[PDB]
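Q: Got an experimental structure here, sequence first:
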Number of protein chains: 6
Amino acid sequence: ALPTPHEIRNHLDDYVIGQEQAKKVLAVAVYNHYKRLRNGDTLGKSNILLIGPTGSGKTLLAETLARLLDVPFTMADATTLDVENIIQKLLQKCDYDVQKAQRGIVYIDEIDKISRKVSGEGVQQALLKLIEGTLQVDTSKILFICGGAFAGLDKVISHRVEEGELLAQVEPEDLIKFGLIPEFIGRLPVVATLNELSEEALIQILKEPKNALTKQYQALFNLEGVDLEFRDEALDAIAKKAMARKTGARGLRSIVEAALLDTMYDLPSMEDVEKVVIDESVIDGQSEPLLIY
Amino acid sequence: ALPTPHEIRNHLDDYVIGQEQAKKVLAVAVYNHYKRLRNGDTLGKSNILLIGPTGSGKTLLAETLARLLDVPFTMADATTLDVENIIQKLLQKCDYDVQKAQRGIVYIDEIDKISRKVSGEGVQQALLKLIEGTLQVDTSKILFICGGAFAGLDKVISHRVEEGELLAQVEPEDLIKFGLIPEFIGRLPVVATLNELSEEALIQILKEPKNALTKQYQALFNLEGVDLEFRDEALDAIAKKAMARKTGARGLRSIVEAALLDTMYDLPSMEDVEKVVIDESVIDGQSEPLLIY
Amino acid sequence: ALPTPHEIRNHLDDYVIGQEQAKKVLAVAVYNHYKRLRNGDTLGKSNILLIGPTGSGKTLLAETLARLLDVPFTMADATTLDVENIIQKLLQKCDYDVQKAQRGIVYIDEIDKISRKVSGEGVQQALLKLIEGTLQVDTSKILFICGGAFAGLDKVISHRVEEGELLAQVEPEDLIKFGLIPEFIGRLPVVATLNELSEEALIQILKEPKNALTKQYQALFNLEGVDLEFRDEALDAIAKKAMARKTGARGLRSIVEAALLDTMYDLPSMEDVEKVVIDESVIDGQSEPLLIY
Amino acid sequence: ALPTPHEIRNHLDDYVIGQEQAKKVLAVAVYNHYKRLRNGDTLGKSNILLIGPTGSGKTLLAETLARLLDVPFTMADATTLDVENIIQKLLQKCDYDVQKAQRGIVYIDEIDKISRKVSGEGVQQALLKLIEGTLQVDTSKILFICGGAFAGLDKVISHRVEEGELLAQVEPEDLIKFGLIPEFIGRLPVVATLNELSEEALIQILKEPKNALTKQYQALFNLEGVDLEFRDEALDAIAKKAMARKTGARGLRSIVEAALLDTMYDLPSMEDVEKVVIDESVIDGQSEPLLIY
Amino acid sequence: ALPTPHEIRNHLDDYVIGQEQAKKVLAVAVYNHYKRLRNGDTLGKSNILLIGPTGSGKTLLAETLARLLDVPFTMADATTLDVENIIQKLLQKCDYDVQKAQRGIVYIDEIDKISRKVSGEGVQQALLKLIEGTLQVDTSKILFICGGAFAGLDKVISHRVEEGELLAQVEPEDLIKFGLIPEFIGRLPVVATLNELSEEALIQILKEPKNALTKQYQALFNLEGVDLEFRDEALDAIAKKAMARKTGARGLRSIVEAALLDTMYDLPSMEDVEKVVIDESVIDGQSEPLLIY
Amino acid sequence: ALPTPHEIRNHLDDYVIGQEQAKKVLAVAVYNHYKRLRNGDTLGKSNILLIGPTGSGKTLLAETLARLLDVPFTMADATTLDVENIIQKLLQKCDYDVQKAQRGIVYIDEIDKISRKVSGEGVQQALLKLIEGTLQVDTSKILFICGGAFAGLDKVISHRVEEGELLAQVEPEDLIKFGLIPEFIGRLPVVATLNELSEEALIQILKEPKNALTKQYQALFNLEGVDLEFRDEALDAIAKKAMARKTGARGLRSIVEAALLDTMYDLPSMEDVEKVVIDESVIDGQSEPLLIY
């Protein structure tokens, strides 16, 4: 039984934060893709193009969709572009089941990088042959999600319409001028755009997601018999630390690990009830976390 | 029993719109090719060269011909040019049946791109060896359709005769000056030219074809128990939207999907009789489609 | 029983027109080659170098010789130069029979193109190793015919002797200065030169050959129950049309096909005795061919 | 039973000298990695980035960790970058056991060398695909330690904070400006930095380690029945000799071998109790080592 | 039983003309090589370096030696330089018999071409590894003959000693300055030099050799029942014709074939006793050869 | 039973002349390497770096060591740098015995050539991976001897210390500045240096070695029943001849062969007691060698 786009967007809220619009677009595009396959067509390729800054959650979204639909997923990088190698990999994680491999999803990262603005354009066209569809499996059935930051894109759109509000006005012609070929863009009808993650959102990233850092460590400490408590001040501190380094959400783990290093070192050598991480432990880094016996 | 060129052109009208002349040329060229094969020659290679703007329907035509004659078809891109790889692929979709693979059709896209005006010319000659004919299958039997936009071609013809009226005056020498070698052009006797698709034709593209967008979605909505109605105003609106973006017919799906996004999102969560898409839903994009219970 | 050079030249007159001298040279060279093989040598390599403008009939001659002697034939292009690949191909069309593959003929096209005037010279020498002879088959036994237009050749010969009369004065040293290495030319003792095909010869090309265009179409129409009649005016018209385009004999089919397009389209939908193609049908292209019921 | 980070750092003191902080960081990072694997996650990649001058003991540390945890180890050089070849090698030393190969450790040397400040960045991204995880083994499970000297790094950090004290202030953004891509650095949360080895430490290097030079030779002489005695003066002499040549600890063996050459030459031809190496034997090199019968 | 150098030089006189000195050098070098092998060494590599103008008979000599000693022979071109490929080829013509393949001879042509005066020097060294000796066969046993024209060599020798008299003064240092590496020249102890073939020698080339042109054709005509007679005037005429074209002995066949073309054409269509070729038939080319019934 | 360094140096005196110091260094380094292996370590890699002019006897030494210890030996050229190919070759001459192949010796020639002063440095590092140790055989066990002339080395050492006396002052830092990477030099602790062979030594080279030229020929003549006598004058003459050509010891065979050519030619055709080579036979080359019946 296929999950309504509602159920899809709902489950996406459990792994990714914000980007509600993009999650609606993806939810619909996805539902329609598998709704179209399960009825043997008779229809739209329904291929998707994700346009959002780095560390916005594009890859996470693609993966999440795959899991939510218990469907064979595989990544690939447009820079390393062998095109059929992606397919054999999809079969590898699919137990070599042709049909289940056709229901699969394929995420291509850094698409904006192959925009000729020779070999690059050649890749667009070579990969394009897949998008259409031709191991004996056909690539017509599999859904394609093409991520990318598209740096210069924010500019071309502005030179026409006259960041989020600007990416909403995105048009296929903007992608053309950017460096993508028409025949390639025409294969990516569904364009979902993500916003740059907010700073408070950072805190939500450390908390809300079912795989948030705090939850992982609270679990690591949990199998130690110890309860880890992150005070909101500490979480805000981590957010700021991450912003000052411009590392976005990618530089969150590098902060938490460094903050809980000493504590995780001599933790198994202790007997106490819980450890409490205050802001003083993060920002200053000089103060040791509160210990409770 | 071979279908008369009439039957062929007739069935081509069911997938492609306009290009009636090109469909006559293709119909004849095709009929003669398979009429020549089924009589074991004793004759003309009867190979075809499609010359039309991008998104004119060249690829669609080639595919359509293949299906109409239940004959093994395969594409290939002149830019990615391994030459025999195309053949093995033709055998892949042919169940490795030598004879049926010889009856096959092969479409080569972006031929105008390999026109030297070194490696490019080398490809013309390498691919030329196939056109003639030499797995054990011979490539003499298979029909070759070479598509291409031929941008500069419109110019050279003008510098001689002194867009459609100009492409009709096309001559093998024009292709020579364009960048094609004589021995290669002499293998493509049949030259069918397509016109740039008209704007009203756009509307016909959304309606007439048996795989038109409207029909696909009406079907997607149909298995939902809902009847989708496209008012002509909405279709004209879509046409205009596509023209303003210069994306031609390639930018039609990107419009329809965006227009039916919200509706397809919360459709499975509703119970009503039919949805009616008005022009207000397309152009303005602000108005939601009419809902009927 | 080996055919006397007379019988050979006689049968060559049935496929190729003119080039009588070249056909004498080839006839002798060929007879001597197979007369030398059938007696296990004890002798001259008797390898041949064809020098004639494009579309003169070099390839046709080579093929014709092969068929006339029921001997395994295969082509190859000096531009695509893997050298032993030609051999395996010769075995492919020979049922992998070593001896019959040694009796084979090998035509190398565009030899004049590999004349260094690095890699090119390297090909001359690599291919030279074959010419001498070394799968287990030896390439000493097989006859080598190396075609080529040799554009600049007409000039060097003139700078020495001081087009046909000039190509008759051809000397190994002329080929040296052209761009061929001595050790390579010394392997091609037999040099047959062809003349540029005459305009009236064009008409003869449309008629005389046993595979002439007129005969093929008269046959295509023949299995339709219809008799096709080409009036000499129409044939002369076709000749002129071909000359104005400088496409030589390569641009003949492209004319005839275009002329019989409409007629072949609605032919199977008619019931009449014969169609007669007049000059008005070719030159003007406006007049439809005479129809007789 | 997993060894507490204490036990880990303790055993690391038996092979590597100094770098106590780095050994704490590595100990924790390691303990957490295998503590996370043995509980089937539910967590942090816990990948490590070693930043220390050449001959600081980075490679030694990685190897030591591997042995201490009886886990399949393999090296690889970022300059020679085939990416999956490292994996097959890890399987080679793992008896092709998928699970045990997933518990493995992989050290990548000269990471600072691939910092683009095209192909280099491509390697970062290609290797990045491994770090994440995709033979059928998944590379997500295996721990990655990326060594490197990072010459210019000492500078960029200084241009921000305004050698050890400077490397302690290291930040992900410093690595960014250095030449590493964000998505790559975000995969290396754990950053352990080593100091340039001290000169007295040199003496400790010749003595303390369980594989110290003195111990090896004392053993080589030991199976000769002879006791080798290194006087502290000789060890200090060796230290100085090594410093004057700037060869660091890499130029220690080249000194000891040269010092014990003559003695090891005519040793098996003697009968005595022990040989004693004085400073006079090292610095001067003129004096022969004390011999005792 | 090994043939004395006398017997060797004697048999060499039956295929090659002149170059008596070179034939003495080769005879000795060869006798010593196989005299050294048949006694399992205990000695000199006894490798040979042929230095003579093109078409002097270097390749012919090497081949002749091989046949005379019923030993597996194979050629190779220094320009096409895969090094072990030569070996597998030697095994191909040796029935894959290791020992008999070790007794083999290997001729390398155009050695003077690989003289660096990067890749070239690399080939010298790569091929050098063979010369020394390392399929399981060892290349130490096989004799190496390295031919070459060495154009500039005639000059360097002159700049030192201060063409035949000059090539006799050849020294290893001359080859060094020419472009050969010392370690390579030291592997070619035996240096045999050939003179530029004389013009009267040309006539001897057409007569004396057991494979002379006259003998081949007299045989071709012989199996026709006809006796071919070459008058000395005709042979001298052929010699002159060849000299005027500077094609040396390589341009002899190209003359004889052209002279006997017409006659060999209508020969099988005649009944007569013998044909006699006079000078008038060659030089003038206008007069037909004398026919006798 | 392992041979004491004395026995080793003693046997080395039977093949190589002079270089006594280098033979002591090699003897020790070797003894220690196999003394360390036969005791399963517990120790020093004990890898060797030969530094001597071309034709000094580096390769000869390496080979000699291998034979003396009945251990699998194989060469390799740093210029041709596939790295594991050397290993498979070592297994080829080792009957594919893993253990015996680990006891093997590997000589790398022209190491000084790969000194970057990109690909070159890459080879140093790739080959470095072997030196350390990782077919299933480990390369840690096998001994590595890296030869090389190191031309510029004589200079850098001079610019520091302020040819033999200079090469004795060699230091790892000198090799660094030369073009070798630290991590590579640290793997070659044992540095043995050879002197340029003396002119009188040349005579000793023709006499002393158990494979000296004189002994080989005296043996070649010996199986002829003839005694060959080299008068010291002739040997000195050969020495001078070799020096005038600067070919060193590499140009000795090229002299002796040329001197005994005629004599070896008509030797098997004679019956006499002995031939005596005087100086007149060598220098003048005009006088024939004394013959005694």
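A: That came through fine. Numbers count the residues shown, from 1 in each chain, chains lettered A, B, ... in the order given.
Q: Enumerate the residues of chain A near chain B.
A: Residues of chain A found near chain B (Cβ under 8 Å from any Cβ of the partner chain) are A:4-6, A:24-25, A:27-29, A:31-32, A:35-36, A:39, A:42-46, A:121-122, A:125-126, A:129, A:132, A:134, A:136, A:171-173, A:176, A:182-183, A:185-186, A:189-191. The C-beta positions use only the backbone N, C-alpha and C, and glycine is treated the same way.
Q: Quick one: buried ones out of those residues?
A: The neighbour-count test (16 or more other Cβ atoms under 10 Å in any protein chain shown) applied to the residues of chain A next to chain B identifies A:4-5, A:24-25, A:27-29, A:31-32, A:35-36, A:43-46, A:121, A:125-126, A:129, A:171-173, A:176, A:182-183, A:185-186, A:189-191 as buried.
Q: Please list which of those also come close to chain E.
A: When contact is defined as Cβ under 8 Å from any Cβ, those do not meet chain E at all.
Q: Narrow those to those in helices?
A: A:5, A:24-25, A:27-29, A:31-32, A:35-36, A:121, A:125-126, A:129, A:172-173, A:176, A:182-183, A:185 (DSSP state H).
Q: which ones are touching residue A:226?
A: A:267, A:272-275 (Cβ atoms under 8 Å, 6 or more residues apart in numbering or on different chains).
Q: Strands - which of the residues you listed land there?
A: A:274-275 (DSSP state E).
Q: just the contacts of residue A:226 now: which is nearest chain D?
A: Relative to chain D, the closest of these is residue A:267; by Cβ to the nearest Cβ it sits at 8.6 Å.
Q: My guess is that closest one contacts residue A:222. True?
A: No. The pair residue A:267 and residue A:222 does not pass the contact test of Cβ atoms under 8 Å, sitting 11.7 Å apart.
Q: List, one by one, the residues from the stretch 101-250 of chain A near chain D.
A: Among all residues of the stretch 101-250 of chain A, those adjacent to chain D (criterion: Cβ under 8 Å from any Cβ) are A:110, A:211, A:213, A:216-217, A:219-220, A:223, A:245-248, A:250.
Q: does residue A:125 really touch residue A:181, like I thought?
A: Yes. Distance between residue A:125 and residue A:181: 7.0 Å, which falls inside the contact criterion (Cβ under 8 Å).
Q: Mind jotting down where the strands sit in the stretch 151-293 of chain A?
A: Remark: strands of the stretch 151-293 of chain A, listed N- to C-terminal, are A:190-193, A:227-230, A:274-277, A:290-292; assignment by DSSP state E, counting those that start in this stretch.
Q: that older thread, how about a markdown table for the residues of the stretch 101-250 of chain A next to chain D, with neighbour count and distance to residue D:201 added?
A: Shown next, in a markdown table, are these (neighbours: other Cβ atoms under 10 Å in any protein chain shown; distance: Cβ to Cβ, whole Å):
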| residue | neighbour count | distance to residue D:201 |
| --- | --- | --- |
| A:110 | 19 | 45 |
| A:211 | 12 | 43 |
| A:213 | 23 | 38 |
| A:216 | 20 | 38 |
| A:217 | 23 | 36 |
| A:219 | 16 | 40 |
| A:220 | 22 | 35 |
| A:223 | 12 | 39 |
| A:245 | 17 | 33 |
| A:246 | 12 | 37 |
| A:247 | 23 | 34 |
| A:248 | 19 | 40 |
| A:250 | 20 | 36 |
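Q: can I assume residue A:245 is in contact with residue A:239?
A: No. Assessed by Cβ under 8 Å, residue A:245 is found out of contact with residue A:239, at 11.3 Å.
Q: ok and the residue in the stretch 151-293 of chain A nearest chain F?
A: Distances between the stretch 151-293 of chain A and chain F by Cβ to the nearest Cβ are smallest at residue A:254, namely 29.0 Å.
Q: Counting neighbours, what do you get for that residue?
A: Residue A:254 has 24 neighbouring residues, counting by other Cβ atoms under 10 Å in any protein chain shown.
Q: How about it: what's its closest non-neighbour residue?
A: Distances taken as Cβ to Cβ, 6 or more residues apart in numbering or on different chains put residue D:189 closest to residue A:254, at 4.5 Å, once the chain neighbours are dropped.
Q: tell me the contacts of that neighbour?
A: Contact analysis of residue D:189 by Cβ under 8 Å, 6+ apart lists A:253-254, A:257, D:44-47.
Q: Centre of the chain to stretch A:251-267, how far?
A: Taking Cα atoms, centre = their mean, to the nearest Å, one finds the center of stretch A:251-267 at 25 Å from the center of the full chain.
Q: and the closest residue to chain E within chain A, how far is that from chain C?
A: Of all residues in chain A, residue A:119 sits closest to chain E, with a separation of 25.9 Å (Cβ to the nearest Cβ). Summarising the geometry, the distance separating residue A:119 from chain C, computed by Cβ to the nearest Cβ, to the nearest Å, is 22 Å.
Q: where's that residue relative to chain F, distance?
A: As defined by Cβ to the nearest Cβ, residue A:119 lies at a distance of 22 Å from chain F.
Q: Of the residues of the stretch 101-250 of chain A next to chain D, just say which sits nearest to chain B.
A: Within the set of those, residue A:110 lies nearest chain B; the separation is 20.8 Å, counting by Cβ to the nearest Cβ.
Q: so what's the closest one up against?
A: If you count contacts by Cβ under 8 Å, 6+ apart, then residue A:110 has A:77-79, A:147-149, D:125 around it.
Q: Okay, the residue of chain A closest to chain E and residue A:113: tell me how far apart.
A: Here the distance between residue A:119 and residue A:113 works out to 12 Å (Cβ to Cβ, to the nearest Å).
Q: Just want to know which of those two has more residues nearby.
A: For residue A:119 and residue A:113, the more surrounded residue by other Cβ under 10 Å is residue A:113, and the numbers stand at 18 against 10.
Q: pretty sure residue A:71 contacts residue A:101?
A: No. Judged on Cβ under 8 Å, residue A:71 makes no contact with residue A:101 at a distance of 9.6 Å.
Q: Which one of the two is surrounded by more residues?
A: residue A:101 (25 against 18).
Q: pretty sure that one is touching residue A:91, no?
A: Yes. Distance between residue A:101 and residue A:91: 5.1 Å, which falls inside the contact criterion (Cβ under 8 Å).
Q: what sits in contact with each of the two?
A: Residues touching both residue A:101 and residue A:91 (Cβ under 8 Å, 6+ apart) are residue A:137.
Q: out of the strands of the stretch 151-293 of chain A, which comes closest to chain C?
A: The nearest among those, by Cβ to the nearest Cβ, is strand A:190-193 at 42.8 Å.
Q: which residues are contacting the closest one?
A: When contacts are defined by Cβ under 8 Å, 6+ apart, strand A:190-193 is touched by residues A:21-22, A:25-26, A:28-29, A:46-52, A:164, A:167-168, A:170, B:254, B:257.
Q: which residues touch residue A:140?
A: Shown here is residue A:140, whose contacts under the criterion Cβ under 8 Å, 6+ apart are A:45, A:132-133.
Q: again, only this time at 10 Å
A: When the contact criterion is Cβ atoms under 10 Å, 6 or more residues apart in numbering or on different chains, the partners of residue A:140 are A:37, A:41, A:45, A:102, A:130-134.
Q: okay if I get those as CSV plus distance to residue C:63?
A: Putting these into CSV (distance: Cβ to Cβ, whole Å) gives the following:
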residue, distance to residue C:63
A:37, 51
A:41, 48
A:45, 47
A:102, 46
A:130, 40
A:131, 43
A:132, 39
A:133, 40
A:134, 35
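Q: And the furthest pair within the residues you listed?
A: The distance between the two most remote of these (Cβ to Cβ) is 18.3 Å, for A:41 and A:130.
Q: Show me which of these two is the more surrounded one.
A: Between residue A:41 and residue A:130, residue A:130 has the larger neighbour count (other Cβ under 10 Å), namely 20 against 13.
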